[PDB]
């Protein structure tokens, strides 16, 4: 149906308009950064291959969680705790962003 495609595209364009918003860009960059850091941290401190460090970081920053791995070192656990709150703060940021975008 054309109605369907048209609606989808209207929405896609709306999503694209966001990647053009400075504040949204910031939020985006910060999480990308946060993802890099985490990848690096768990790679060195917890000794996980980069890909498994990125995975754990993602799955953790998004609250999906890893059904197998858990930080072994104490330093790892502390970092993971603060890491998670950064994620909570990051998502509220987007939430607030969207809540404002309508008005």
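Residue numbers count along the first chain shown, from 1.
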Using only the Cα atoms and their B-factors as the entry lists them, report which of 4-12 and 94-102 averages higher.
94-102
Once average C-alpha B-factors are taken from the entry for 80-88 and 15-23, the winner is 15-23
Among the modelled residues of its chain, does the C-alpha B-factor of residue 64 lie in the lowest, middle or highest third?
lowest
Grab the CA temperature factor for residue 34 from the record and place it in the lowest, middle or highest third of its chain.
lowest
Chain-relative CA temperature factor third for residue 54
middle
